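Dumped structure23.pdb below, it's PDB, C-alpha atoms (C1' of nucleotides) and all ligand atoms:
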MODEL        1
ATOM      1  CA  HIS O 116      37.724 -18.134  -5.168
ATOM      2  CA  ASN O 117      38.902 -16.372  -2.011
ATOM      3  CA  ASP O 118      38.471 -12.612  -2.470
ATOM      4  CA  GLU O 119      35.748 -13.073  -5.094
ATOM      5  CA  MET O 120      33.528 -14.822  -2.545
ATOM      6  CA  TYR O 121      34.545 -12.123  -0.031
ATOM      7  CA  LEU O 122      33.195  -9.325  -2.225
ATOM      8  CA  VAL O 123      30.160 -11.539  -2.894
ATOM      9  CA  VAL O 124      29.640 -11.562   0.900
ATOM     10  CA  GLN O 125      29.940  -7.756   0.840
ATOM     11  CA  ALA O 126      27.331  -7.722  -1.940
ATOM     12  CA  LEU O 127      25.050  -9.864   0.234
ATOM     13  CA  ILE O 128      25.502  -7.477   3.163
ATOM     14  CA  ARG O 129      24.515  -4.669   0.785
ATOM     15  CA  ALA O 130      21.617  -6.893  -0.324
ATOM     16  CA  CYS O 131      20.286  -7.230   3.237
ATOM     17  CA  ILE O 132      20.850  -3.480   3.682
ATOM     18  CA  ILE O 133      19.014  -2.515   0.478
ATOM     19  CA  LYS O 134      16.179  -4.898   1.374
ATOM     20  CA  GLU O 135      15.869  -3.344   4.832
ATOM     21  CA  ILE O 136      15.733   0.029   3.063
ATOM     22  CA  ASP O 137      13.177  -1.345   0.597
ATOM     23  CA  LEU O 138      11.092  -2.854   3.424
ATOM     24  CA  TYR O 139      11.113   0.408   5.390
ATOM     25  CA  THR O 140      10.340   2.115   2.073
ATOM     26  CA  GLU O 141       7.270  -0.115   1.740
ATOM     27  CA  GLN O 142       5.908   0.304   5.284
ATOM     28  CA  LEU O 143       6.921   3.973   5.272
ATOM     29  CA  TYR O 144       5.133   4.206   1.925
ATOM     30  CA  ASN O 145       1.997   2.840   3.588
ATOM     31  CA  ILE O 146       2.114   5.300   6.516
ATOM     32  CA  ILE O 147       2.896   8.154   4.073
ATOM     33  CA  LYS O 148       0.047   7.251   1.693
ATOM     34  CA  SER O 149      -2.163   7.170   4.803
ATOM     35  CA  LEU O 150      -1.553  10.949   5.211
ATOM     36  CA  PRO O 151      -3.660  13.624   3.389
ATOM     37  CA  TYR O 152      -0.622  15.581   2.047
ATOM     38  CA  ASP O 153      -0.697  18.089   4.942
ATOM     39  CA  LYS O 154       0.641  16.080   7.898
ATOM     40  CA  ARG O 155       3.499  14.767   5.744
ATOM     41  CA  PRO O 156       7.001  15.116   7.213
ATOM     42  CA  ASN O 157       9.800  17.046   5.572
ATOM     43  CA  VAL O 158      11.778  14.199   4.052
ATOM     44  CA  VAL O 159      15.420  13.791   3.029
ATOM     45  CA  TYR O 160      15.606  12.328  -0.489
ATOM     46  CA  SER O 161      18.305  10.245  -2.183
ATOM     47  CA  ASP O 162      18.860   7.864  -5.093
ATOM     48  CA  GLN O 163      21.499   6.031  -3.018
ATOM     49  CA  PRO O 164      21.217   3.493  -0.160
ATOM     50  CA  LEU O 165      20.331   5.818   2.674
ATOM     51  CA  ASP O 166      19.954   3.361   5.691
ATOM     52  CA  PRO O 167      17.824   5.286   8.260
ATOM     53  CA  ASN O 168      19.374   3.564  11.301
ATOM     54  CA  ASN O 169      22.826   4.687  10.078
ATOM     55  CA  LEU O 170      22.078   8.211   8.852
ATOM     56  CA  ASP O 171      24.978  10.667   8.544
ATOM     57  CA  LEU O 172      24.139  14.366   8.918
ATOM     58  CA  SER O 173      27.424  15.546   7.377
ATOM     59  CA  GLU O 174      27.043  16.601   3.731
ATOM     60  CA  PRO O 175      24.975  19.614   2.589
ATOM     61  CA  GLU O 176      22.775  17.323   0.447
ATOM     62  CA  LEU O 177      20.346  17.122   3.396
ATOM     63  CA  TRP O 178      17.051  18.678   2.371
ATOM     64  CA  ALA O 179      13.705  19.121   4.105
ATOM     65  CA  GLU O 180      10.965  19.714   1.541
ATOM     66  CA  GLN O 181       7.570  18.047   1.956
ATOM     67  CA  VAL O 182       7.165  14.796   0.024
ATOM     68  CA  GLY O 183       4.297  13.597  -2.168
ATOM     69  CA  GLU O 184       3.084  11.542  -5.153
ATOM     70  CA  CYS O 185       4.584   8.205  -4.150
ATOM     71  CA  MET O 186       3.354   6.158  -7.111
ATOM     72  CA  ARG O 187       4.656   3.074  -8.938
ATOM     73  CA  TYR O 188       7.388   2.197 -11.449
ATOM     74  CA  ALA O 189       5.222   0.169 -13.829
ATOM     75  CA  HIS O 190       7.907  -2.134 -15.156
ATOM     76  CA  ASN O 191       8.810  -2.900 -11.528
ATOM     77  CA  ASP O 192       5.971  -1.020  -9.702
ATOM     78  CA  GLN O 193       7.544   1.224  -7.087
ATOM     79  CA  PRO O 194       6.646   3.758  -4.419
ATOM     80  CA  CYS O 195       8.053   6.952  -5.912
ATOM     81  CA  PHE O 196       8.502  10.119  -3.927
ATOM     82  CA  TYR O 197       8.405  13.484  -5.629
ATOM     83  CA  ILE O 198      10.074  15.896  -3.217
ATOM     84  CA  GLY O 199       8.141  18.962  -4.352
ATOM     85  CA  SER O 200       4.876  19.514  -6.189
ATOM     86  CA  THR O 201       3.505  17.514  -9.112
ATOM     87  CA  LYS O 202       5.421  19.543 -11.723
ATOM     88  CA  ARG O 203       8.966  19.372 -10.400
ATOM     89  CA  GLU O 204       9.948  15.888 -11.713
ATOM     90  CA  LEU O 205      12.232  15.020  -8.805
ATOM     91  CA  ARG O 206      11.297  11.345  -8.524
ATOM     92  CA  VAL O 207      13.518   9.293  -6.215
ATOM     93  CA  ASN O 208      13.361   5.895  -4.546
ATOM     94  CA  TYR O 209      15.244   6.343  -1.244
ATOM     95  CA  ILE O 210      13.761   8.501   1.531
ATOM     96  CA  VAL O 211      14.357   9.231   5.233
ATOM     97  CA  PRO O 212      11.914  11.524   7.090
ATOM     98  CA  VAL O 213      13.354  13.912   9.692
ATOM     99  CA  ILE O 214      12.224  16.704  12.029
ATOM    100  CA  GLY O 215      10.942  19.783  10.272
ATOM    101  CA  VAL O 216      12.463  22.446   8.034
ATOM    102  CA  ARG O 217      16.074  22.854   6.803
ATOM    103  CA  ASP O 218      19.323  23.997   8.546
ATOM    104  CA  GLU O 219      21.042  21.503  10.934
ATOM    105  CA  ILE O 220      17.935  19.366  11.254
ATOM    106  CA  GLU O 221      17.341  17.062  14.216
ATOM    107  CA  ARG O 222      18.677  13.569  14.014
ATOM    108  CA  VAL O 223      16.536  10.581  12.957
ATOM    109  CA  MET O 224      12.780  10.555  13.756
ATOM    110  CA  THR O 225      12.522   6.773  13.569
ATOM    111  CA  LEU O 226       9.046   5.146  13.695
ATOM    112  CA  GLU O 227       7.267   8.300  14.928
ATOM    113  CA  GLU O 228       5.167   8.531  11.754
ATOM    114  CA  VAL O 229       2.067   7.370  13.626
ATOM    115  CA  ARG O 230       2.640  10.336  15.961
ATOM    116  CA  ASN O 231       2.329  12.624  12.927
ATOM    117  CA  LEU O 232      -1.288  11.469  12.583
TER     118      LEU O 232
ATOM    119  CA  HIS A 116      37.383 -17.457  13.285
ATOM    120  CA  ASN A 117      37.730 -20.141  10.619
ATOM    121  CA  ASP A 118      34.414 -21.990  10.996
ATOM    122  CA  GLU A 119      32.283 -19.702  13.184
ATOM    123  CA  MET A 120      32.246 -16.767  10.753
ATOM    124  CA  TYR A 121      31.144 -19.218   8.031
ATOM    125  CA  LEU A 122      27.874 -19.918   9.850
ATOM    126  CA  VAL A 123      27.660 -16.204  10.692
ATOM    127  CA  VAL A 124      27.640 -15.516   6.932
ATOM    128  CA  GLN A 125      25.081 -18.324   6.513
ATOM    129  CA  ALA A 126      22.983 -16.590   9.180
ATOM    130  CA  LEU A 127      23.252 -13.388   7.136
ATOM    131  CA  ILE A 128      22.087 -15.276   4.032
ATOM    132  CA  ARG A 129      19.130 -16.591   6.043
ATOM    133  CA  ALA A 130      18.580 -12.990   7.182
ATOM    134  CA  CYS A 131      18.381 -11.790   3.560
ATOM    135  CA  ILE A 132      16.023 -14.682   2.759
ATOM    136  CA  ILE A 133      13.704 -14.020   5.714
ATOM    137  CA  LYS A 134      13.647 -10.312   4.833
ATOM    138  CA  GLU A 135      12.636 -11.258   1.281
ATOM    139  CA  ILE A 136       9.854 -13.364   2.818
ATOM    140  CA  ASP A 137       8.891 -10.453   5.078
ATOM    141  CA  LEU A 138       8.834  -8.036   2.117
ATOM    142  CA  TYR A 139       6.665 -10.331  -0.015
ATOM    143  CA  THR A 140       4.551 -10.842   3.114
ATOM    144  CA  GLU A 141       4.143  -7.055   3.285
ATOM    145  CA  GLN A 142       3.201  -6.473  -0.371
ATOM    146  CA  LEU A 143       1.108  -9.646  -0.339
ATOM    147  CA  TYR A 144      -0.488  -8.388   2.887
ATOM    148  CA  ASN A 145      -1.552  -5.194   1.123
ATOM    149  CA  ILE A 146      -2.844  -6.919  -2.041
ATOM    150  CA  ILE A 147      -4.795  -9.440   0.075
ATOM    151  CA  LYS A 148      -6.223  -6.772   2.408
ATOM    152  CA  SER A 149      -7.450  -4.918  -0.714
ATOM    153  CA  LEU A 150      -9.826  -7.822  -1.549
ATOM    154  CA  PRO A 151     -13.470  -8.167  -0.399
ATOM    155  CA  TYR A 152     -13.337 -11.663   1.227
ATOM    156  CA  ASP A 153     -14.912 -13.485  -1.745
ATOM    157  CA  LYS A 154     -12.228 -13.401  -4.451
ATOM    158  CA  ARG A 155      -9.525 -14.464  -1.986
ATOM    159  CA  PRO A 156      -6.947 -17.029  -3.147
ATOM    160  CA  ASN A 157      -6.674 -20.409  -1.464
ATOM    161  CA  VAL A 158      -3.704 -19.917   0.794
ATOM    162  CA  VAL A 159      -1.054 -22.293   2.115
ATOM    163  CA  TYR A 160      -0.409 -21.296   5.737
ATOM    164  CA  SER A 161       2.742 -21.685   7.830
ATOM    165  CA  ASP A 162       4.595 -20.139  10.766
ATOM    166  CA  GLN A 163       7.964 -20.938   9.165
ATOM    167  CA  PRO A 164      10.174 -19.216   6.536
ATOM    168  CA  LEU A 165       8.111 -20.229   3.559
ATOM    169  CA  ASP A 166      10.042 -18.713   0.532
ATOM    170  CA  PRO A 167       7.634 -19.137  -2.439
ATOM    171  CA  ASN A 168      10.412 -19.087  -5.060
ATOM    172  CA  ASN A 169      12.066 -22.035  -3.263
ATOM    173  CA  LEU A 170       8.857 -23.967  -2.562
ATOM    174  CA  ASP A 171       8.937 -27.766  -2.270
ATOM    175  CA  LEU A 172       5.619 -29.636  -2.354
ATOM    176  CA  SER A 173       6.876 -32.900  -0.842
ATOM    177  CA  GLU A 174       5.421 -32.843   2.681
ATOM    178  CA  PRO A 175       1.733 -33.625   3.351
ATOM    179  CA  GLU A 176       1.328 -30.214   5.056
ATOM    180  CA  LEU A 177      -0.126 -28.679   1.872
ATOM    181  CA  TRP A 178      -3.513 -27.107   2.468
ATOM    182  CA  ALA A 179      -5.620 -24.689   0.450
ATOM    183  CA  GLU A 180      -8.313 -23.270   2.717
ATOM    184  CA  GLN A 181      -9.541 -19.790   1.791
ATOM    185  CA  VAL A 182      -7.839 -16.998   3.752
ATOM    186  CA  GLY A 183      -9.669 -14.326   5.745
ATOM    187  CA  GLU A 184      -9.370 -11.782   8.571
ATOM    188  CA  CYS A 185      -5.940 -10.331   7.827
ATOM    189  CA  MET A 186      -5.059  -7.602  10.325
ATOM    190  CA  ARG A 187      -2.332  -6.039  12.469
ATOM    191  CA  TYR A 188      -0.226  -7.606  15.240
ATOM    192  CA  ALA A 189       1.084  -4.524  17.053
ATOM    193  CA  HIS A 190       3.308  -5.990  19.730
ATOM    194  CA  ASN A 191       6.075  -6.251  17.168
ATOM    195  CA  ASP A 192       3.900  -4.619  14.424
ATOM    196  CA  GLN A 193       3.692  -7.864  12.462
ATOM    197  CA  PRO A 194       0.963  -8.518   9.879
ATOM    198  CA  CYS A 195      -1.137 -11.437  11.161
ATOM    199  CA  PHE A 196      -3.153 -13.718   8.881
ATOM    200  CA  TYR A 197      -6.017 -15.863  10.046
ATOM    201  CA  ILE A 198      -6.691 -18.899   7.872
ATOM    202  CA  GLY A 199     -10.180 -20.103   8.807
ATOM    203  CA  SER A 200     -13.098 -17.915   9.793
ATOM    204  CA  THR A 201     -12.977 -15.453  12.675
ATOM    205  CA  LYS A 202     -13.907 -18.304  15.037
ATOM    206  CA  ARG A 203     -11.254 -20.858  14.232
ATOM    207  CA  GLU A 204      -8.252 -19.050  15.821
ATOM    208  CA  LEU A 205      -5.424 -20.439  13.678
ATOM    209  CA  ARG A 206      -3.376 -17.271  13.204
ATOM    210  CA  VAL A 207      -0.221 -17.494  11.073
ATOM    211  CA  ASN A 208       2.133 -15.000   9.468
ATOM    212  CA  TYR A 209       3.590 -16.863   6.475
ATOM    213  CA  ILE A 210       1.366 -17.354   3.425
ATOM    214  CA  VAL A 211       1.497 -18.610  -0.187
ATOM    215  CA  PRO A 212      -1.494 -18.015  -2.535
ATOM    216  CA  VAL A 213      -2.592 -20.821  -4.905
ATOM    217  CA  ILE A 214      -5.810 -21.920  -6.626
ATOM    218  CA  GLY A 215      -8.526 -24.251  -5.505
ATOM    219  CA  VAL A 216      -9.485 -27.204  -3.332
ATOM    220  CA  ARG A 217      -7.033 -29.657  -1.681
ATOM    221  CA  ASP A 218      -4.689 -32.413  -3.113
ATOM    222  CA  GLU A 219      -1.760 -31.982  -5.647
ATOM    223  CA  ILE A 220      -2.723 -28.426  -6.428
ATOM    224  CA  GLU A 221      -1.146 -25.787  -8.666
ATOM    225  CA  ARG A 222       2.398 -25.144  -7.538
ATOM    226  CA  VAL A 223       3.218 -21.534  -6.532
ATOM    227  CA  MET A 224       1.377 -18.766  -8.457
ATOM    228  CA  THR A 225       3.689 -15.935  -7.459
ATOM    229  CA  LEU A 226       3.382 -12.318  -8.706
ATOM    230  CA  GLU A 227      -0.093 -12.983 -10.172
ATOM    231  CA  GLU A 228      -1.999 -11.470  -7.254
ATOM    232  CA  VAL A 229      -3.468  -8.610  -9.288
ATOM    233  CA  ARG A 230      -5.139 -11.263 -11.476
ATOM    234  CA  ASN A 231      -7.208 -12.472  -8.502
ATOM    235  CA  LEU A 232      -9.838  -9.841  -9.315
TER     236      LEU A 232
ATOM    237  CA  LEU K 738     -15.513  25.851 -42.978
ATOM    238  CA  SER K 739     -12.352  27.206 -44.591
ATOM    239  CA  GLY K 740      -9.330  25.926 -46.459
ATOM    240  CA  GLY K 741      -6.055  24.687 -45.060
ATOM    241  CA  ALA K 742      -7.062  21.676 -42.974
ATOM    242  CA  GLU K 743      -3.811  20.229 -41.651
ATOM    243  CA  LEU K 744      -3.374  16.670 -40.354
ATOM    244  CA  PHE K 745      -0.315  16.450 -38.081
ATOM    245  CA  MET K 746       1.195  13.084 -37.229
ATOM    246  CA  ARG K 747       3.023  12.988 -33.890
ATOM    247  CA  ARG K 748       5.740  10.545 -32.826
ATOM    248  CA  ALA K 749       6.423   8.978 -29.422
ATOM    249  CA  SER K 750       8.605  10.547 -26.724
ATOM    250  CA  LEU K 751       8.112   8.598 -23.475
ATOM    251  CA  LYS K 752       9.584   5.131 -23.914
ATOM    252  CA  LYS K 753       8.251   1.933 -22.338
ATOM    253  CA  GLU K 754      10.910   1.910 -19.589
ATOM    254  CA  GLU K 755       9.958   5.072 -17.662
ATOM    255  CA  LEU K 756       6.198   4.608 -17.302
ATOM    256  CA  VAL K 757       4.749   5.048 -13.810
ATOM    257  CA  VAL K 758       1.182   4.047 -12.925
ATOM    258  CA  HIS K 759      -1.528   4.286 -10.305
ATOM    259  CA  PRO K 760      -2.374   0.572  -9.902
ATOM    260  CA  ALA K 761      -5.707  -1.202  -9.496
ATOM    261  CA  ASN K 762      -7.392  -1.560  -6.062
ATOM    262  CA  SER K 763      -5.001   0.556  -4.011
ATOM    263  CA  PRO K 764      -6.338   3.457  -1.891
ATOM    264  CA  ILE K 765      -4.136   6.426  -2.763
ATOM    265  CA  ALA K 766      -4.145   9.793  -1.013
ATOM    266  CA  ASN K 767      -5.711  13.016  -2.314
ATOM    267  CA  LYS K 768      -4.051  16.366  -2.950
ATOM    268  CA  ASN K 769      -6.750  18.974  -2.254
ATOM    269  CA  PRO K 770      -7.408  19.617   1.471
ATOM    270  CA  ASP K 771     -10.909  20.857   0.537
ATOM    271  CA  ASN K 772     -11.801  17.352  -0.665
ATOM    272  CA  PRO K 773     -14.663  15.947   1.460
ATOM    273  CA  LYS K 774     -13.247  12.497   0.746
ATOM    274  CA  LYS K 775      -9.701  11.594   1.767
ATOM    275  CA  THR K 776      -8.889   8.479  -0.283
ATOM    276  CA  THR K 777      -9.966   7.034  -3.621
ATOM    277  CA  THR K 778      -9.795   3.627  -5.283
ATOM    278  CA  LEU K 779     -10.203   2.429  -8.878
ATOM    279  CA  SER K 780     -10.216  -1.022 -10.479
ATOM    280  CA  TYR K 781      -7.753  -0.417 -13.338
ATOM    281  CA  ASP K 782      -4.570   1.430 -14.298
ATOM    282  CA  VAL K 783      -4.076   5.207 -14.255
ATOM    283  CA  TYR K 784      -0.795   5.975 -16.017
ATOM    284  CA  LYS K 785       1.464   9.043 -16.095
ATOM    285  CA  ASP K 786       1.215  10.832 -19.481
TER     286      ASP K 786
ATOM    287  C1'   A B   1     -13.111  -6.634  15.091
ATOM    288  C1'   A B   2     -14.281  -2.880  20.457
ATOM    289  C1'   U B   3     -19.261  -5.861  24.253
ATOM    290  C1'   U B   4     -22.663  -6.946  31.517
ATOM    291  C1'   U B   5     -21.635 -12.787  28.810
ATOM    292  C1'   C B   6     -22.569 -15.085  23.848
ATOM    293  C1'   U B   7     -23.436 -14.456  18.485
ATOM    294  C1'   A B   8     -23.802 -12.180  13.558
ATOM    295  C1'   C B   9     -20.940  -7.042  12.471
ATOM    296  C1'   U B  10     -17.996  -2.282  11.500
ATOM    297  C1'   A B  11     -23.045  -0.580  11.323
ATOM    298  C1'   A B  12     -21.595   7.258  10.179
ATOM    299  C1'   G B  13     -17.080   6.667  13.764
ATOM    300  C1'   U B  14     -13.649   4.460  21.788
ATOM    301  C1'   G B  15     -19.463   1.819  18.557
ATOM    302  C1'   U B  16     -24.415  -0.703  16.095
ATOM    303  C1'   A B  17     -28.473  -5.117  16.154
ATOM    304  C1'   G B  18     -30.341  -9.004  19.094
ATOM    305  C1'   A B  19     -30.816 -12.706  23.485
ATOM    306  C1'   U B  20     -29.380 -14.320  28.762
ATOM    307  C1'   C B  21     -30.738 -16.366  35.013
ATOM    308  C1'   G B  22     -28.681 -18.821  37.777
ATOM    309  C1'   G B  23     -23.467 -20.023  41.191
ATOM    310  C1'   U B  24     -22.632 -25.695  40.292
ATOM    311  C1'   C B  25     -20.367 -31.534  36.357
TER     312        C B  25
ATOM    313  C1'   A Y   1      -2.730  11.682 -11.965
ATOM    314  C1'   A Y   2      -5.738   9.415 -17.435
ATOM    315  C1'   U Y   3      -6.762  14.816 -21.980
ATOM    316  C1'   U Y   4      -7.227  17.644 -29.182
ATOM    317  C1'   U Y   5      -2.566  20.981 -26.235
ATOM    318  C1'   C Y   6      -1.940  23.782 -21.354
ATOM    319  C1'   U Y   7      -3.007  24.298 -16.050
ATOM    320  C1'   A Y   8      -5.274  23.010 -10.942
ATOM    321  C1'   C Y   9      -7.974  17.534  -9.641
ATOM    322  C1'   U Y  10      -9.778  12.145  -8.874
ATOM    323  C1'   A Y  11     -14.265  14.642  -9.361
ATOM    324  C1'   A Y  12     -19.061   8.145  -8.763
ATOM    325  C1'   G Y  13     -15.299   5.082 -11.856
ATOM    326  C1'   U Y  14     -10.260   3.946 -19.148
ATOM    327  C1'   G Y  15     -12.488  10.403 -16.600
ATOM    328  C1'   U Y  16     -13.748  15.425 -14.464
ATOM    329  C1'   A Y  17     -13.350  21.405 -14.237
ATOM    330  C1'   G Y  18     -11.920  25.579 -17.366
ATOM    331  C1'   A Y  19      -9.046  28.166 -21.732
ATOM    332  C1'   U Y  20      -6.736  28.240 -26.661
ATOM    333  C1'   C Y  21      -5.381  30.690 -33.129
ATOM    334  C1'   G Y  22      -1.984  30.218 -34.942
ATOM    335  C1'   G Y  23       3.128  26.847 -38.259
ATOM    336  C1'   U Y  24       7.603  30.361 -37.219
ATOM    337  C1'   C Y  25      11.904  32.134 -33.515
TER     338        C Y  25
HETATM  339 MG    MG O 801     -16.881 -12.937  18.204
HETATM  340 MG    MG O 802      -1.433  17.803 -14.770
ENDMDL
END
Translate this file's structure into structure tokens.
Ligand SMILES: [Mg+2]
Ligand SMILES: [Mg+2]
Amino acid sequence: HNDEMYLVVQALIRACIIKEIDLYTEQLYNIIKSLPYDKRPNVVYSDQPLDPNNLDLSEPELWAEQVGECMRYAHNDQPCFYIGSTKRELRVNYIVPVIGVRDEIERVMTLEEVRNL
Amino acid sequence: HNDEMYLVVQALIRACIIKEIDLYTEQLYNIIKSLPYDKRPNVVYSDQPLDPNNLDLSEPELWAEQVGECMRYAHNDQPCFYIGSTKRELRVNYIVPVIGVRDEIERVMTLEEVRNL
Amino acid sequence: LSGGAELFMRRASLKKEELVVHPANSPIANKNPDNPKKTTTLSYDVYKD
RNA sequence: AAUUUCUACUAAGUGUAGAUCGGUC
RNA sequence: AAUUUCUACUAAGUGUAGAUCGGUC
């Protein structure tokens, strides 16, 4: 019960991380659903733990299309973030908003969502 | 490094717990602020990590006064919950919703907040 | 009227795992910028398909 | 829950409806 | 984003605005 509890501790670190991401997803969901679909930021999407205070701008998976339609998951009720229009079916559950359009974006844009409105 | 990191890991477990309490405080904050002050649940109030899945009704600090005036606490952006009227000034930020008057009440009533109305 | 009335039975495609809803008593945003309102709120469930 | 101070508010969007003369246990 | 099916909505509260003859590549 030495290394097993060690990887359990790693799973608990990932639990605190994914609950920080889920908490910021909830408050960020509130400030995004406060916006009338025009002052929305261009948001990086992912289906992986994306940890906005530890964002890595390395891979070409970074994308900057305007988010919308952040509705539930009605077996577990979630904020869900279609990255395009209604009819693109690109639902995700991990988002980080950034500055503007594509190509070597700026870095983080943390907690400036009230300055978008 | 033998005994200190042990309580560091325990502090991380308490961090995951208090972020669960903060998340349920956030969702519960939204579902309570979507209610018109008359169908409000009778809310146990505390300024302590209150963890409704690990609730113990042994102390005499149980109280079921109807909640009201839930608003924002922007110095650390915390959701603040008054427990009396406007003019009782007993602000708290840890809440558990149950049913009814005082004395050996119903126990927890978690995840039934949509059934309030 | 005319002949050849045809009753078509149709099966289910979306299973019960991937249903996504608009919940009750939650002010959601609105798509059209020409909307004179900005939010809307219902008292029941609005599903997806 | 914003006020010349107090109270009931959010009340058409940094406010609305009232009332208040004296310094003194 | 709820439909007899399709599309843009929430549009006064399990809907609203239009359009659709045909089984066949
Ligand atoms: Mg007052
Ligand atoms: Mg549609």
State the Cα RMSD (Å, one decimal) obtained when chain O is least-squares superposed onto chain A, all Cα atoms paired in order. 0.7 Å
Selection under test: the PyMOL selection byres (((chain A and resi 228) around 10) and not hetatm); residues as a PyMOL selection string: chain A and resi 142-143+146-147+155-156+212-213+224-227+229-232
Please evaluate the PyMOL selection byres (((chain A and resi 130) around 12) and not hetatm) against the structure above and give the resulting residues as a PDB file with C-alpha atoms, in the coordinates of the input.
ATOM      1  CA  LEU O 127      25.050  -9.864   0.234  1.00  0.00           C
ATOM      2  CA  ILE O 128      25.502  -7.477   3.163  1.00  0.00           C
ATOM      3  CA  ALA O 130      21.617  -6.893  -0.324  1.00  0.00           C
ATOM      4  CA  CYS O 131      20.286  -7.230   3.237  1.00  0.00           C
ATOM      5  CA  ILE O 132      20.850  -3.480   3.682  1.00  0.00           C
ATOM      6  CA  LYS O 134      16.179  -4.898   1.374  1.00  0.00           C
ATOM      7  CA  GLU O 135      15.869  -3.344   4.832  1.00  0.00           C
TER       8      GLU O 135
ATOM      9  CA  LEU A 122      27.874 -19.918   9.850  1.00  0.00           C
ATOM     10  CA  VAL A 123      27.660 -16.204  10.692  1.00  0.00           C
ATOM     11  CA  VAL A 124      27.640 -15.516   6.932  1.00  0.00           C
ATOM     12  CA  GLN A 125      25.081 -18.324   6.513  1.00  0.00           C
ATOM     13  CA  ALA A 126      22.983 -16.590   9.180  1.00  0.00           C
ATOM     14  CA  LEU A 127      23.252 -13.388   7.136  1.00  0.00           C
ATOM     15  CA  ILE A 128      22.087 -15.276   4.032  1.00  0.00           C
ATOM     16  CA  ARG A 129      19.130 -16.591   6.043  1.00  0.00           C
ATOM     17  CA  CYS A 131      18.381 -11.790   3.560  1.00  0.00           C
ATOM     18  CA  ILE A 132      16.023 -14.682   2.759  1.00  0.00           C
ATOM     19  CA  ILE A 133      13.704 -14.020   5.714  1.00  0.00           C
ATOM     20  CA  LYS A 134      13.647 -10.312   4.833  1.00  0.00           C
ATOM     21  CA  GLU A 135      12.636 -11.258   1.281  1.00  0.00           C
ATOM     22  CA  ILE A 136       9.854 -13.364   2.818  1.00  0.00           C
ATOM     23  CA  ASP A 137       8.891 -10.453   5.078  1.00  0.00           C
ATOM     24  CA  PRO A 164      10.174 -19.216   6.536  1.00  0.00           C
TER      25      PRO A 164
END
Output check: residues returned by the PyMOL selection byres (((chain K and resi 744-753) around 10) and not hetatm), as a PyMOL selection string: (chain O and resi 189-190) or (chain K and resi 741-743+754-757+785-786)
Just to confirm, what's the straight-line distance from atom CA of residue 177 of chain A to atom CA of residue 196 of chain A in Å (one decimal)?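 Atom-to-atom, atom CA of residue 177 of chain A to atom CA of residue 196 of chain A, that is 16.8 Å.
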So that all listed atoms of segment 9-15 of chain B fit with 5 Å spare on each side, what axis-aligned box centre and edge lengths in Å, to one decimal, would you give as AutoDock Vina command-line options?
--center_x -18.3 --center_y 0.1 --center_z 16.0 --size_x 19.4 --size_y 24.3 --size_z 21.6
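Atom pair atom CA of residue 214 of chain A / atom CA of residue 187 of chain A has a distance of 25.1 Å (rounded to one decimal).
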